[PDB]
Amino acid sequence: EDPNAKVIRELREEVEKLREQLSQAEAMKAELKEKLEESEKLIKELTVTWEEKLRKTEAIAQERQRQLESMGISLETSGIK
Amino acid sequence: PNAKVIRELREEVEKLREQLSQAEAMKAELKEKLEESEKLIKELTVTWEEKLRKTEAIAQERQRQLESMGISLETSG
């Protein structure tokens, strides 16, 4: 129990080290879950932002088409194609 | 003997190592999902920008058509 207590002690150090590393891991897991939440959130937001942008620009395109068409219509109501 | 308190200590070590291995695995998985998320934000930005570039190009083409008809209308009555 002198090179045998010396093994026991080492194993106690070992168990402690493992406890601390487990604590660390679980911490890191939580940190990552949170960062991930944040980036998924930002993805949803950016998507909404982009959708709205596209919809505006499409609205303008459509308006312009519509005017070109106004002209075409009042043009061939005069029989001209 | 009485020095078979050792056995139960390394039994404890084995339990802990396995708990740690699974945690580190879950952490690795989260790290990966996070990286995927960031890569994805970059991609979205690229594809949306491109979609918009195409849409704006069409809007503008149509604008030039209307300006061309404006010119054609002034060069009449």
# chains A, B, ... in the order shown; residues from 1 in each chain; ligands from 1
$ closest_atom_pairs --of "chain A" --to "chain B" --cutoff "7 Å" --atoms "only C-alpha atoms" --output "JSON lines"
{"residue": "A:8", "atom": "CA", "partner": "B:6", "partner_atom": "CA", "distance": 6.1}
{"residue": "A:11", "atom": "CA", "partner": "B:9", "partner_atom": "CA", "distance": 6.6}
{"residue": "A:15", "atom": "CA", "partner": "B:13", "partner_atom": "CA", "distance": 5.7}
{"residue": "A:18", "atom": "CA", "partner": "B:16", "partner_atom": "CA", "distance": 6.2}
{"residue": "A:22", "atom": "CA", "partner": "B:20", "partner_atom": "CA", "distance": 5.3}
{"residue": "A:25", "atom": "CA", "partner": "B:23", "partner_atom": "CA", "distance": 6.0}
{"residue": "A:26", "atom": "CA", "partner": "B:23", "partner_atom": "CA", "distance": 6.4}
{"residue": "A:28", "atom": "CA", "partner": "B:27", "partner_atom": "CA", "distance": 6.8}
{"residue": "A:29", "atom": "CA", "partner": "B:27", "partner_atom": "CA", "distance": 4.9}
{"residue": "A:32", "atom": "CA", "partner": "B:30", "partner_atom": "CA", "distance": 6.1}
{"residue": "A:33", "atom": "CA", "partner": "B:30", "partner_atom": "CA", "distance": 6.6}
{"residue": "A:36", "atom": "CA", "partner": "B:34", "partner_atom": "CA", "distance": 5.3}
{"residue": "A:39", "atom": "CA", "partner": "B:37", "partner_atom": "CA", "distance": 6.5}
{"residue": "A:40", "atom": "CA", "partner": "B:37", "partner_atom": "CA", "distance": 6.8}
{"residue": "A:43", "atom": "CA", "partner": "B:41", "partner_atom": "CA", "distance": 6.3}
{"residue": "A:50", "atom": "CA", "partner": "B:48", "partner_atom": "CA", "distance": 6.8}
{"residue": "A:54", "atom": "CA", "partner": "B:52", "partner_atom": "CA", "distance": 6.2}
{"residue": "A:57", "atom": "CA", "partner": "B:56", "partner_atom": "CA", "distance": 6.6}
{"residue": "A:58", "atom": "CA", "partner": "B:55", "partner_atom": "CA", "distance": 6.7}
{"residue": "A:60", "atom": "CA", "partner": "B:59", "partner_atom": "CA", "distance": 6.5}
{"residue": "A:61", "atom": "CA", "partner": "B:59", "partner_atom": "CA", "distance": 4.2}
{"residue": "A:64", "atom": "CA", "partner": "B:62", "partner_atom": "CA", "distance": 6.0}
{"residue": "A:65", "atom": "CA", "partner": "B:62", "partner_atom": "CA", "distance": 6.5}
{"residue": "A:68", "atom": "CA", "partner": "B:66", "partner_atom": "CA", "distance": 6.6}
